[PDB]
Amino acid sequence: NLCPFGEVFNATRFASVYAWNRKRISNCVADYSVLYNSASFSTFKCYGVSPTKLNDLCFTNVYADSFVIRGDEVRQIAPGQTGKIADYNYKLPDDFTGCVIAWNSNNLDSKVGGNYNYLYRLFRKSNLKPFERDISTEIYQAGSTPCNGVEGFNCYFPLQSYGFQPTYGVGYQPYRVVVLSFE
Amino acid sequence: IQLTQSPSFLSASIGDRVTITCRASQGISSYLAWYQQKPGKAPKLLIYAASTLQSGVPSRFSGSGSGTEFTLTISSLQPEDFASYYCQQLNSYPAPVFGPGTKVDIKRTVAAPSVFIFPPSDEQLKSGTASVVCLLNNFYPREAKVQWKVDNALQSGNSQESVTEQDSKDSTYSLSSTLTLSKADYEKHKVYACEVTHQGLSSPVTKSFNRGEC
Amino acid sequence: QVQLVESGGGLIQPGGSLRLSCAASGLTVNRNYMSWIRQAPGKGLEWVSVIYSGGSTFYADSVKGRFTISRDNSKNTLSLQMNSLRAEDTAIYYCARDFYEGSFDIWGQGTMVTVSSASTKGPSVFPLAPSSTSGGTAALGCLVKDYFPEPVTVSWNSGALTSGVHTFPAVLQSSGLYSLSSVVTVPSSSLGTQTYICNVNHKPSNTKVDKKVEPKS
Ligand SMILES: *[C@@H]1O[C@H](CO[C@@H]2O[C@@H](C)[C@@H](O)[C@@H](O)[C@@H]2O)[C@@H](O[C@@H]2O[C@H](CO)[C@@H](O)[C@H](O)[C@H]2NC(C)=O)[C@H](O)[C@H]1NC(C)=O
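Residue numbers (our numbering), protein chains in the order written: chain V, 1 to 183; chain R, 1001 to 1214; chain Z, 2001 to 2217.
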């Protein structure tokens, strides 16, 4: 039996980056040569492993994480990066071994008038630890006075929408990302 | 990504409908903010996310646009609205971009400048330097051009000029231009002139003196 | 209530160091996107540096490796360490809070940073002598030349003459010294009846000058 990579790469909808999905992949043979040879990927960067010389290996567990981000945010899906996405949404470890795969999905995830389904966390007190997922929606307190769930001055809703529109610039367009880490 | 802002300067009256345009070289949706700034003060946030009025900002301000064309609109200009206005690209870390700015001044009828030329003092000439000063007094609008001529040779690269803020009483500007030469260079020529062009002048006005002649 | 107060601006020679501070009240520095923005005299706004609530720091390319942003949580303050300061770094420096993707709602009052190799020098005051030729309105003035640093103050007749006075913004000369002129227009007929004296005060040098401006003979 093959690995369910089509179930991940060709999934109908992707998750918001803040609520990124993780697919546990075990007990299957995978053909990563079929993956790399697909010229339909904008980003295919591997860390700690050569991309082509990957088919003949043996790892205990493989994780396929996937989400949507902006074009200009794809560079943040890499070890030792800083920024909104890497600090507050999806963090890779510094000693990451695995691959980051991405491709433009403007014709799937952007809608006229804005697709407000995809979100990202704008506010968080501390940075995420590697492979941490924060899905809370509590009002972010930015001053001394507590918020008690009322948005206002110094009281900010933590998630914001990308509003993907087909006429966006490439840097603001939606990109689908698949992060393969090898245990 | 770069932001242009049109027009650079704008003359308006109390009660007018003023529109300021900001243009982004790529589709940035609603990621724009607008600030007002008055001389010697920090900027003041007016609009953010292209159209959301910041709290406490008067309702006569509104923003609109999405993609590349954004406008700030003051529906009925008030005396405290005469200021400079800047747009800002949002969601652009690590490099926020500010537009070049739009200055809104008080409109009035055209007023030609009174032009005066001043030779360098005898006291300064003893120091080895000659400052020649040309003054443009109480004119409107602000756009004016000072051309220094030395024995009919147009001078560039040796003058500096400065302009007052719009006068509180008659809404005019004044300009001071200084032409600087060594005493040695200054004594190699006779006719020192500044030629002024301005909307209120049918033709350019030249004020001059001959060095050594009172 | 809510405010940011800057301090630490001043005069420094090129290659020197300066440290700015932003004392916050009504907002918590380490819970916010906190930024430094500068404006050169007469120029626009230029973003300098930001620090995230999470600790991440970013810098404009024109200050990278020279400026360091930081914060003191115990004093609820934001700081900016400025090394290898250059002349072009001369600006007013604002701290601001970013509440939505770069939108700055709370700003400090600004603090001035001047980077120059010039030494403190008092002005030379030269007469701008009325034409010795027409009728109607006459102009006379003072040329306040070659001083450092800013500012100077010019009055006419010890403050008794204010109408028709234009004191212009000073210009920075390629020498590193400032220079300005102050003029006043008066009726032609008064050139022979009223004495005109400009009073120039340059506190950094302890210089006070009274210059009588008369028509040249
Ligand atoms: C992800 O899908 C592509 C394309 O899917 C094809 O079209 C769909 C509408 C559906 O009908 C799929 O079953 C189709 O395969 C896959 O690439 C295709 O691979 C086949 C070989 O198996 C080839 O004949 C097609 O030409 C390919 N089409 C394209 C556009 O490349 C791809 O393999 C899928 N990804 C994974 C991980 O399985």
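Every residue gets a Cβ at the ideal spot worked out from N, C-alpha and C, and that includes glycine.
Secondary structure within the stretch 1122-1194 of chain R: the alpha helix (DSSP H) runs of 4 or more consecutive residues, fully enclosed, are 1122-1125 and 1183-1186 (chain order). In this structure, the C-beta of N10 (chain V) approaches ligand 1 to less than 7 Å from one of its heavy atoms. Annotation for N2201 (chain Z): no alpha helix (DSSP H) segment contains it, though the beta strand (DSSP E) segment containing it runs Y2196 to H2202. Nearest to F164 (chain V) by C-alpha distance, out of R:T1021, R:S1029 and R:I1020, is R:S1029. DSSP, reduced to helix, strand and coil, places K23 (chain V) within a strand of the structure shown.
Taking all protein chains in view, the Cβ of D87 (chain V) is crowded by 16 or more other Cβ atoms within 10 Å, so the residue is classified as buried. Under the 8 Å criterion on CB atoms, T2028 (chain Z) is classed as interfacial with respect to chain V. In the pairwise beta carbon analysis, the stretch 2131-2142 of chain Z is classified as not touching the stretch 2106-2121 of chain Z: fewer than three pairs are separated by under 8 Å.
For the beta strand (DSSP E) assignment, the uninterrupted runs of no fewer than 3 residues enclosed by the stretch 2032-2066 of chain Z are, from N- to C-terminal side, 2033-2039, 2045-2051 and 2057-2059.
The contact set of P2169 (chain Z) on chain R, defined by CB atoms closer than 8 Å, consists of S1162, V1163 and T1164 in chain order.
Rounded to the nearest whole angstrom, the C-alpha separation of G6 (chain V) and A64 (chain V) is 11 Å. Counting the other Cβ atoms within 10 Å of the Cβ of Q173 (chain V) gives 16 or more, which makes it buried. Membership of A86 (chain V) in any beta strand (DSSP E) is not indicated; the residue belongs instead to the alpha helix (DSSP H) covering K84 to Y88.
Interface criterion met: the Cβ of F2099 (chain Z) is under 8 Å from a Cβ in chain V. Burial state of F1070 (chain R) is buried, judged by a 10 Å Cβ sphere holding 16 or more other Cβ atoms. By the C-beta density criterion, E132 (chain V) is exposed, having fewer than 16 other C-beta atoms within 10 angstroms. For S2188 (chain Z), the secondary structure class from DSSP, reduced to helix, strand or coil, is helix.
Between the beta-carbon of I101 (chain V) and that of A19 (chain V) there is about 19 Å, and that puts the pair past the 8 Å contact cut. For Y36 (chain V), the enclosing alpha helix (DSSP H) covers residues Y32 to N37. Out of Z:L2018, Z:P2127 and Z:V2002, the CA that lies nearest to the CA of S2025 (chain Z) is found in Z:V2002. Listed by position along chain Z, the residues whose Cβ is nearer than 7 Å to that of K125 (chain V) are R2031 and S2053. A Cβ-Cβ separation of about 17 Å leaves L2045 (chain Z) out of contact with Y1031 (chain R) under the 8 Å criterion. Contact of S2074 (chain Z) with chain V is not assigned, every C-beta pair being separated by 8 Å or more. Placement of the Cβ of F123 (chain V) at a distance of 7 Å or more from every heavy atom of ligand 1 is found.
At a cut-off of 8 Å between beta carbons, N117 (chain V) makes no contact with chain Z. Between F14 (chain V) and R176 (chain V), the C-beta spacing is below 8 Å. At least one beta carbon of chain V lies nearer than 8 Å to the beta carbon of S1029 (chain R). In terms of side-chain proximity, the C-beta atom of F14 (chain V) is found no nearer than 7 Å to any non-hydrogen atom of ligand 1. Residue contact check for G152 (chain V) against chain Z: no CB pair falls below 8 Å. The beta carbon of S2188 (chain Z) lies closer than 8 Å to those of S2134, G2135, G2136, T2137 and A2138 in the same chain, with the five residues before and after it left out.
Closest option to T1178 (chain R), judged by alpha-carbon separation, among R:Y1192, R:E1165, R:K1188 and R:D1170: R:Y1192. Closer than 9 Å at the C-beta level to chain Z, one finds these residues of the stretch 155-167 of chain V: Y156 and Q160. For the options V:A30, V:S42, V:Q76 and V:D72, the alpha carbon positioned closest to that of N55 (chain V) is the one of V:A30.
Taking a Cβ-Cβ threshold of 8 Å, the residues of chain V close to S2056 (chain Z) are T82, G83, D87 and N127, in chain order.
Here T1073 (chain R) has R1017, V1018, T1019, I1020, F1061, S1062, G1063 and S1064 as same chain residues with Cβ atoms under 8 Å from its own Cβ, once five neighbours each way along the sequence are excluded.
The C-alpha of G48 (chain V) is placed about 20 Å away from the C-alpha of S66 (chain V).
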